[PDB]
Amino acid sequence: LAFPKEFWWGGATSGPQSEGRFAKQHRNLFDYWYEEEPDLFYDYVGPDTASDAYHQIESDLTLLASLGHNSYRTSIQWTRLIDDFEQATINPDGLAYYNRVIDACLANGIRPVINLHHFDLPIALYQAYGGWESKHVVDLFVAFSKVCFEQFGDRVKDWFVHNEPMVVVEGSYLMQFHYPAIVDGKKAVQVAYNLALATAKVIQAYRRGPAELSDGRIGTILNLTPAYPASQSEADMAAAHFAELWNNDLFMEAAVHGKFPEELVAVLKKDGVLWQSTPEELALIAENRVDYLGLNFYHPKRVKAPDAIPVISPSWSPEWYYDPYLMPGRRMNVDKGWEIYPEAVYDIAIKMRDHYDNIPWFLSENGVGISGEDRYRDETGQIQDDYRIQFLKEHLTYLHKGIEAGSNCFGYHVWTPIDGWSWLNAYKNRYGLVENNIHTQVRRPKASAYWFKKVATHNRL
């Protein structure tokens, strides 16, 4: 089993999850949340130290190259790089930190891949304006991104505007797992819109810069996991069909095709929840599409027709039109209550092939979280994470079938190289190829890392 030439191999992380708040000038939504309610975080570990990459980025990258990685994706924190949001002034220390990060990639022969926003809106922006509810903030985010392009576009040729903006939509305005953790469909939907707008506006800005800083590729990091219907009935089918229009299609269509999905707009109007837009806005969005995409995948989704239809709703919610469905006999990860079903990666590959023009995309996150890794140390102290190996392998296998079948997939990233801080779960579940001891910050490669090195170095399975 062999992969194309130039295939990205490596893993993904983020600024907020790897750095620590060392020297960080502002607080992002999660930093604020942790200072206010540290009881909400597993074992009371918040993001102050996280995985210490503010100190250890250089040695991390050396370890990763020695483990066969040719690329690395992390994120630049709005709250680290920018002094004054309003004018996007530069914080020199912030600036010197990310240059260390870029230069250390290149220096180790690791293509630097950069995301601009990973659930880390500055709290001050939410307080003043309602954050992503505001098109002003969208402008500030746009200004933040020109700075990055200006300062890093010389070395960084691979840009992504958001990590999974629907997760922000949901966590913040629907399911209560991002601050502000409010329930409000109307705000959810507008914020969806703004994130999509931000995306086109950022892509616009990137593409206006001088030749030497705009000869890279830019896109966004989405999801495309299917919503498998419980059966082939027409009510279950309509449920899945909606689950995808909301969960997958809304952002996918904006990024790849220049448009929002009509069917979805009609439902939103019929429900008095449609977003405020501007024909000038819709055109920027038509004009600025991604060069490419990352799709993250951890678990399938499964839906049925709702057991109960309510006549009045406190708040609007795509979950009107569907319920979760468990499939008798499915394989599962207990620690996380997630179904393991790698075949879905093949389906994601085909869906890109036939419905999003087979534009290039990579699998930007794939990984498995387990919670007591100390139980799998061998007499050498190393974690023997045979489960992680099997998981990554199976998903990689299907990704291969997907490529073999004509899908324009250029890469695979494991979430995550070194155990990192997973939000409310913190360090409960570990995802890393390389162990991290959150007390001493000492890294230490698990079996999975050596299996992955073999895969990466020889470009095959």
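The first residue of the sequence shown is number 1, and the count goes up from there.
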Tell me which stretch, 247-255 or 203-211, has the higher mean Cα B-factor listed in the entry. 203-211
Using only C-alpha atoms and the B-factors in the entry, which stretch averages higher, 68-76 or 329-337? 329-337
Kindly indicate the residue among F297, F362, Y321, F177 with the greatest C-alpha B-factor in the PDB record. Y321
When the entry's CA B-factors for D83, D357, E343, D385 are compared, the highest one belongs to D83
Relative to the other modelled residues of the same chain, rank the CA B-factor of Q232 and answer lowest, middle or highest third. highest
In terms of its chain's C-alpha B-factors, the third that includes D103 is the middle
Going by the entry, which third of its chain does the Cα temperature factor of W9 land in? middle
Lowest, middle or highest third: which one holds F391 when the chain's residues are ordered by CA B-factor from the entry? lowest
Among the modelled residues of this chain, does the Cα B factor of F452 put it in the lowest, middle or highest third? middle
